[PDB]
Each structure stands twice: as structure tokens, then as C-alpha cells.
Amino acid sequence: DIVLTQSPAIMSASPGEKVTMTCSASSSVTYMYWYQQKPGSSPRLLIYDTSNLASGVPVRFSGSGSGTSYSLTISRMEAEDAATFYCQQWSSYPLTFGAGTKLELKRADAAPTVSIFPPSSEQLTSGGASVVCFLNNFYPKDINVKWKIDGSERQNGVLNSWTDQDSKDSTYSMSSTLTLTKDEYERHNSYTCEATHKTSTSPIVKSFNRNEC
């Protein structure tokens, strides 16, 4: 059981750039193999026996290494190369994998569009109340959301979900859901979600007030 460590865990590149990712091993390896996988598809073999290009794979891919240190290089990134890349070692059974390098497509900055929604009347009849905030079409991926209820920050009961990079414009989006009981929701008036991003000269604030209209 050799342990394989892949670096970086996540990285981004623009088409035309050189890309290099590494795979180091806890003990000496005999051969290293490299695989590429995109969401909803099976992995495909890229490199076998450390430095051999697999049949049908583009020649911009190459592999190298020896002993305990290996690498995979893309001489010039193409947009279609964005994927997760896994290394796998041969020494003796068991066969083990690294945990992957996720190669994202680098893209121009984009600010999020923020939208807040109150709980529906249908949900309230069930005894629950979910307040939803969409932060859509931003780049890069790191973003912070903060909830306030009648002006007081709320952290408990928030759940965030991120999309994968959009297949059309390469941005990210995120949903933030604040879940309350019906009774708790109806004991407060103002609900606010606030997005802070690298692009934001000021945090983007969206709110609604239950007793307004």
C-alpha cells in the first residue's frame, strides 16, 4: 500500500498555457499511470509505464518520473482538457491512486448576480421555512455569504451548494439556504443575504421585509 500525493489539488489554466502536475509516492514505485476524467464520464488512460502516451491521446500530453516523484505535463492547454487527473502506481498489489488534481479552465473575472427568495406559502403549510439566496455566474470560485435576521448575523442552519464550472461560460454559481421552522420565521421581519467576492467593491446585499408589502 503505497500512498500517492497529488499536487496541486486544484489549479486553473488558460488555453495556450503549459500545465504541470505532480504525484509523489510514500515508497519507490515501478511504473506510474495517469488518467483523465470529466463529470458523468468514465476515466480514460493518458500515460502508461511512466512515460508512454496511450493510443489515441493527443500528443500535448507527456509523463515523466522515477523513484518516488512523477509528473504529467500538458505542453499547451486546450479548453477541452479541463478535468480531474489521477495518478496510479504499480509496485505490488494493491494498486493505489492519488486523490486527483482538478484542472479548471481559467476565465475572466465575473461578479455574482445575487437573488433572495422568501419561503413559499406551500412550504409554510408544512411547518418549515427555507430562505434561499442564489449567487450566480461568478469567477473565481472563492466567495463568502453572510445571513442576517433583523440585523443579527445568523450562522446556524445555513447550507451552501456549489455548481461545477459552467460548460458554456466557465463561471461558478452557489446556492445558500437558511432553514427555519415556520414559527421562528414568522417571529422576525428582515432577511438579508450578503455576498463578498474578489470583484465586489462593496458587498452585494439583497433583502426582503415580511411586513412591507
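Heads up: residue numbers just count along the shown sequence, starting at 1.
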| item | value |
| --- | --- |
| Stretch with the greater mean C-alpha B-factor as recorded in the entry, comparing 131-139 against 92-100 | 131-139 |
| Per the entry, higher mean C-alpha B factor between 27-35 and 146-154 | 146-154 |
| Identity of residue with top Cα B-factor, from 176, 167, 50, 62 | 167 |
| Out of 116, 74, 105, 87, highest CA B-factor residue | 105 |
| Assigned third (lowest, middle, highest) for the C-alpha B factor of residue 43 | lowest |
| Residue 4 by Cα B-factor - lowest, middle or highest third of the modelled chain | lowest |
| Chain-wide C-alpha B factor ranking for residue 193, given as lowest, middle or highest third | middle |
| Residue 21, C-alpha B-factor rank within chain (lowest, middle or highest third) | lowest |
| Ranked against its chain, the third holding the CA B-factor of residue 185 | middle |
